[PDB]
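In this chain, residues are counted from 1 in sequence order. Note that these values count all heavy atoms, side chains included, but never hydrogens, waters or copies made by symmetry.
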Amino acid sequence: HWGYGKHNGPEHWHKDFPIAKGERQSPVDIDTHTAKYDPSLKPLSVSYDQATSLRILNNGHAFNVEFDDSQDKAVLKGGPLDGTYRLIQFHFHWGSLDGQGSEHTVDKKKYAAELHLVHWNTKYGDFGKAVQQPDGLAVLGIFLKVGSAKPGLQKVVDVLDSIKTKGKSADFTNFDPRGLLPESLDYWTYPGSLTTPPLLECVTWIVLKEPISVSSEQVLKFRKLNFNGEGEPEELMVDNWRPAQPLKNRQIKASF
Ligand SMILES: CCN[C@H]1C[C@H](C)S(=O)(=O)c2sc(S(N)(=O)=O)cc21
Ligand SMILES: [Zn+2]
């Protein structure tokens, strides 16, 4: 089934998911000299003070930190969005080496990793309904570069040893996602898709301009995770990123 290796990787996904060759696929390269500054674009409103994290899980493709989304606790509003989008989970994509790992690129520059905070439009009532709609999800993407340690990331790094292999999960309460935000919330936005199967074209992408920095030893611990389940041959979970897709009939807008 799908993965990131030679035999089941991104170049093969269209055989099982024909929308892989669709008109609003993600990620894309953001060319900064062609993005249009749009003065109509409102500031983002990130209200994460009431976030309740529950669990961290290795799902064989990345690891997800899951949030309670039964009520409007942690939400995203404003920017290009109409309505309220609830945070349900975040995960990362990263590389085997510091010069690759992000899915979006900026003037073809690749970063060491990319954080995706996934939110769904509450007017559709549940998550499963929201992914079937063109404005169902909003994903906030943040680039990670290697430099100084990010204090707010260390609790995540410390629990990775307990979810080394696919299917493992651990309780992960009281984690505050505000510790993962850059100082500035300036952004680019465009209409796109999920970057993994099922590749549904339901996402409004909001990619922040400012990277956060993490240390070398923090990103090193991501690279020790396993794609495989326990008792199977070890394959290190690295390079779980999709390459940039054609922009086609789309415009990237900048808030700045
Ligand atoms: C491993 C499958 N992950 C898929 C399906 C999940 C149900 S989701 O939350 O819709 C989601 S969000 C993204 S991404 N990389 O575009 O942010 C990929 C996925
Ligand atoms: Zn992602």
Side-chain angles (χ1 to χ4, degrees), residues 26-27 42-93 103-104 113-142 144 150 152-153 155-157 159-160 162-163 166-182 185 187 189-208 212 222 225 240:
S26 292
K42 298 175 201 71
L44 284 178
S45 175
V46 181
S47 311
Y48 287 171
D49 61 302
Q50 248 63 246
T52 302
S53 63
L54 297 165
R55 197 175 69 152
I56 186 161
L57 162 81
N58 176 337
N59 63 16
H61 297 294
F63 58 90
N64 294 177
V65 171
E66 296 162 353
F67 287 83
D68 178 15
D69 66 339
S70 61
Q71 284 194 79
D72 284 350
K73 288 183 165 82
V75 302
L76 178 66
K77 290 164 185 154
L81 306 172
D82 298 320
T84 303
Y85 288 70
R86 291 184 185 151
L87 176 66
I88 176 167
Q89 56 112 324
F90 70 74
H91 60 271
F92 298 85
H93 294 264
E103 299 207 291
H104 294 86
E114 194 172 319
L115 170 60
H116 290 164
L117 293 125
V118 182
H119 313 72
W120 60 274
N121 191 337
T122 59
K123 73 156 164 159
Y124 297 120
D126 63 71
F127 182 82
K129 299 301 179 301
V131 299
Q132 304 170 186
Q133 300 288 171
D135 60 350
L137 301 195
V139 183
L140 192 60
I142 296 175
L144 274 67
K150 186 72 170 172
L153 186 64
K155 276 175 52 177
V156 177
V157 167
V159 77
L160 294 183
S162 68
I163 57 155
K166 178 189 192 74
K168 296 290 192 186
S169 61
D171 297 319
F172 198 62
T173 52
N174 306 106
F175 176 79
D176 185 344
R178 290 178 295 180
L180 299 177
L181 297 179
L185 297 188
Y187 64 85
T189 186
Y190 73 100
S193 73
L194 301 181
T195 65
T196 67
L199 300 161
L200 297 172
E201 294 180 334
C202 65
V203 185
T204 297
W205 275 98
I206 297 161
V207 179
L208 300 187
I212 52 160
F222 288 9
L225 256 18
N240 52 353

Atom [atom1] of [X] and atom [atom2] of [Y]: how far apart are they, to the nearest 0.5 Å?
X      : Y      : atom1 : atom2 : value
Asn121 : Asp82  : CG    : CG    : 8.5 Å
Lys123 : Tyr85  : NZ    : OH    : 8.0 Å
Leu87  : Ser47  : CG    : OG    : 11.5 Å
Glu114 : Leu144 : CD    : CG    : 9.0 Å
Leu160 : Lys155 : CG    : NZ    : 13.5 Å
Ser169 : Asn59  : OG    : CG    : 11.0 Å

Heavy-atom pair with the smallest gap, counting every atom of [X] and [Y]:
X      : Y      : answer
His91  : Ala62  : CB-CB, 4.4 Å
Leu117 : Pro177 : CD2-CB, 4.5 Å
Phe175 : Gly152 : CE1-O, 3.4 Å
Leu199 : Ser193 : O-CB, 3.6 Å
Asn64  : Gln89  : OD1-NE2, 3.6 Å

| Of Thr122, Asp69, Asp72, the residue whose pairing with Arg86 passes side-chain hydrogen bond (donor to acceptor under 3.5 Å, both in side chains) | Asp72

4.5 Å side-chain heavy-atom contact, [X] and [Y]:
X      : Y      : value
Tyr190 : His104 : yes
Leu185 : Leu208 : yes
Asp49  : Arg178 : yes
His116 : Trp205 : yes
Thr195 : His93  : yes
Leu153 : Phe92  : yes
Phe90  : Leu140 : no
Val131 : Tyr124 : no

| query | Does the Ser53 side chain pair with the main chain of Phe67, one donor and one acceptor, at a distance under 3.5 Å? | reply | no

| query | Listed by chain and number, what are the side chain to side chain contact (heavy atoms under 4.5 Å, CB included) partners of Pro198, not counting sequence neighbours? | reply |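 Expected list: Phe17, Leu194, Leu200.
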
| message | Can you list everything that forms a side chain to side chain contact (heavy atoms under 4.5 Å, CB included) with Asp68? Sequence neighbours excluded, please. | response | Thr52, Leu54, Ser70, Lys73

| field | Within 6.0 angstrom of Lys150 NZ, more than 12 heavy atoms from elsewhere | value |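 Counting other residues, nucleotides and ligands, NZ of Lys150 exceeds 12 neighbours.
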
| query | Around atom CG of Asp171, are there more than 12 heavy atoms of other residues, nucleotides or ligands at under 6.0 Å? | reply |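 Count not over threshold, so no.
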
| Residues forming a salt bridge (charged side-chain N to carboxylate O under 4.0 Å, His left out) with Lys42, sequence neighbours excluded | none

